[PDB]
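So the sequences go chain by chain: A, B and C. Just so we're aligned, residue 12 is where the first sequence starts under the numbering used here, counting upward by one. Just so we're aligned, residue 6 is where the second sequence starts under the numbering used here, counting upward by one. Just so we're aligned, residue 22 is where the third sequence starts under the numbering used here, counting upward by one. All C-beta atoms in this analysis are idealised placements derived from N, C-alpha and C, irrespective of residue type, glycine included.
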Amino acid sequence: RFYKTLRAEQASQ
Amino acid sequence: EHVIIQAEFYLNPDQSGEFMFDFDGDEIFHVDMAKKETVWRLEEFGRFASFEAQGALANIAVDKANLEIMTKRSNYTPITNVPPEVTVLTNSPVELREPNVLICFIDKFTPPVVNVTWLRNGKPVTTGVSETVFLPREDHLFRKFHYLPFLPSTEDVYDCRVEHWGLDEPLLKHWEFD
Amino acid sequence: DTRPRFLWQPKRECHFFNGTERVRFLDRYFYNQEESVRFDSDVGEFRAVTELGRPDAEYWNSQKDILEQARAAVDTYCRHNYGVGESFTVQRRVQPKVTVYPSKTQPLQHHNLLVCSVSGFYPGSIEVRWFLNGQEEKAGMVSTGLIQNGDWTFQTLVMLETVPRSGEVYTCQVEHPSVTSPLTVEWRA
Ligand SMILES: *[C@@H]1O[C@H](CO)[C@@H](O)[C@H](O)[C@H]1NC(C)=O
Ligand SMILES: *[C@@H]1O[C@H](CO)[C@@H](O)[C@H](O)[C@H]1NC(C)=O
């Protein structure tokens, strides 16, 4: 029953 | 055929940031940055599902850092202001002295910053009013809804006043019983 | 406030076809409303949309961990989240409230417009037809189109441009997923 977050990634550099 | 969108944003110099989930143009939930709580669009959603607000706050921190990188990389190229189009409607056909809701639909605008004020006979309405967060669009502009429940009468006129940096003067959209 | 603004818009999209049979994931990034870089599940790696996104596409594609997480999203993120909210999103069916009332094009003449108000329904998929004495009236129809109220309800007003003559029976027929056969509301002059 938990909504999953698409984890944000850092840009370069 | 359905679409689920996890829409986020970070805006400078305002330091404004939002995180939300969209299902076919409708908001499932959003996370308030002032607090650390998952705000469900409808009460029932929170009873059938759950979300860890911490994930949203962590993503907003990454978006902020990414915006800094992007601002520098673009050699400080600013956003072009796209002014909104405003529509005032009622959630159902209006019946005299039978409660209804006034909807102020703010659409097709960027950046996601707007000052929205309901006016009853030219006077601001501070209580009873509710609003949505900045909702996504296919063209990557923003949508927003402002709500005002009311008792329809022939003596009370309403106006939704919207202010945006893309507008020369505030936009006023009218509603009266006919 | 005349100060310049800078906006970063990540959009993580999950597109569904035949339930969860075919699922497509897109991780898109917009800088000042302009798409710079994107991951599309049909491609399998990051691609630059503008020259601004080229460093990110190359950097994210060089990391096997980032690529594997994005390639797994259709199952671990898309299909998962679809199942979490299915009962109150995909399964959501809210009946329309159908009302028929006469109105006027301009306040200088008698009732020359018949309004069919179709409100508070979910989902947005709807068909509204006007009938006069069992025959479909195609010409003279003006609608507001589909209106999203923002509270998981939709509304529409389908108006017929007609001068009602006594004895005429007009029917507004509504078709929506919430009801098995069509809905009908009659109006007599
Ligand atoms: C500054 O960044 C822009 C990208 O928006 C690029 O076109 C331009 O060449 C850069 N200027 C310099 C001096 O490198
Ligand atoms: C809203 O009002 C405040 C105070 O008057 C002002 O500083 C701000 O710039 C306004 N925002 C917009 C979008 O007009």
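| query | result |
| --- | --- |
| If I measure Cβ to Cβ from B:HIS35 and keep anything under 6 Å in the same chain, skipping five residues before and after, which residues do I get? | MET25, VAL44, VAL138 |
| In whole angstroms, what separates the C-alpha of C:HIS131 from that of C:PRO198? | 36 Å |
| With a 10 Å radius around its C-beta and 16 neighbouring C-beta atoms as the bar for buried, classify B:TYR81 as buried or exposed. | exposed |
| When the Cβ atoms of the stretch 77 to 94 of chain B are set against those of the stretch 106 to 113 of chain B, are three or more pairs found closer than 8 Å? | yes |
| Would you give the residue range spanned by the beta strand (DSSP E) that B:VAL8 belongs to? | 7 to 17 |
| Return the chain-ordered list of same chain residues with a C-beta closer than 7 Å to the C-beta of C:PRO203, the five sequence neighbours on each side being excluded. | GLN194, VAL195, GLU196 |
| From what residue to what residue does the beta strand (DSSP E) around residue 187 of chain B run? | Any property of residue 187 of chain B remains undetermined from this structure, which presents chain B solely from 6 to 183. |
| Near ligand 1, which residues have their beta-carbon less than 5 Å from any of its heavy atoms, given in chain order? | B:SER79, B:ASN80 |
| Any heavy atom of ligand 2 inside 6 Å of the beta-carbon of B:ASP173? | no |
| Taking a cut of 8 Å between CB atoms, which residues from the stretch 92 to 108 of chain C lie near chain A? | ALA94, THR97, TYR98, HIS101, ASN102, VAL105, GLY106 |
| With a cut-off of 8 Å, do at least 3 Cβ pairs link the stretch 45 to 58 of chain B to the stretch 69 to 79 of chain B? | no |
| Could you name the residues that DSSP lists as bridge partners for C:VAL64? | For C:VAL64, which the question treats as bridged, DSSP gives no partner whatsoever. |
| Closest by CA to B:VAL87, which one among B:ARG148, B:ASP29, B:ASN64? | B:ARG148 |
| Return yes when at least one heavy atom of ligand 2 lies under 6 Å from the C-beta of B:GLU168, else no. | yes |
| Below 8 Å on the Cβ atoms is my contact criterion, and I expect B:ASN126 with B:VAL162 to pass it. Report the Cβ-Cβ distance as a whole number of Å. | 6 Å |
| Sorted by chain position, which residues of the same chain lie with C-beta nearer than 6 Å to residue 200 of chain B's C-beta, five sequence neighbours on each side aside? | Since the displayed chain B opens at 6 and closes at 183, residue 200 of chain B lies outside it and no answer follows. |
| Determine the DSSP secondary structure at C:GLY104, reduced to helix, strand or coil. | helix |
| Ligand 2 and B:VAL118: does any heavy atom of the ligand fall closer than 6 Å to the residue's C-beta? | yes |
| Figure out for me which residue from B:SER97, B:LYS41, B:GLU100, B:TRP180 has the closest Cα to the Cα of B:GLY22. | B:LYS41 |
| From which residue to which residue does the alpha helix (DSSP H) around C:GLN90 run? | 85 to 94 |
| Do C:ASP22 and ligand 2 come close, with the Cβ less than 6 Å from some heavy atom? | yes |
| Since I believe B:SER97 is in contact with C:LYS118 (beta carbons under 8 Å), could you give me their beta-carbon distance rounded to a whole number of angstroms? | 7 Å |
| Just the Cα atoms here: how many angstroms apart are C:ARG209 and C:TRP151? | 13 Å |
| Indicate whether C:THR126 and C:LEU135 have their beta-carbon atoms separated by less than 7 Å. | no |
| Out of curiosity, what's the CA-to-CA distance linking C:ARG24 and B:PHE50? | 39 Å |
| Return the CA-CA distance between A:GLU20 and C:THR192, expressed in angstroms with no decimal places. | 56 Å |
| Can you list, in chain order, the residues of its chain with a C-beta nearer than 7 Å to that of C:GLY155? Leave out the 5 residues immediately preceding and following it. | none |
| Under 7 Å between C-beta atoms, does C:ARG33 make it to chain A? | yes |
| Run down chain A in chain order and give the residues with a C-beta less than 9 Å from the C-beta of C:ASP172. | The premise fails here: C:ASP172 is roughly 20 Å from chain A at the closest Cβ pair, so nothing lies under 9 Å. |
| With distance defined between alpha-carbon atoms, name the residue in B:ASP29, B:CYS165, B:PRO18 nearest to B:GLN11. | B:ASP29 |
| Give the straight-line distance between the Cα atoms of residue 233 of chain C and B:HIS169, rounded to the nearest whole angstrom. | Lying outside 22 to 210, the shown extent of chain C, residue 233 of chain C is not represented and no answer is given. |
| Kindly give me the distance between the Cβ atoms of C:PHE37 and C:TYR103, rounded to whole angstroms, as I take these residues to be in contact under 8 Å. | 6 Å |
| Just to check, is the beta-carbon of B:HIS35 closer than 6 Å to a non-hydrogen atom of ligand 4? | Ligands in the displayed structure: ligand 1 and ligand 2; ligand 4 is not one of them. |
| With respect to the alpha helix (DSSP H) encompassing B:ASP68, which residues constitute its N-terminal and C-terminal limits? | 58 to 78 |
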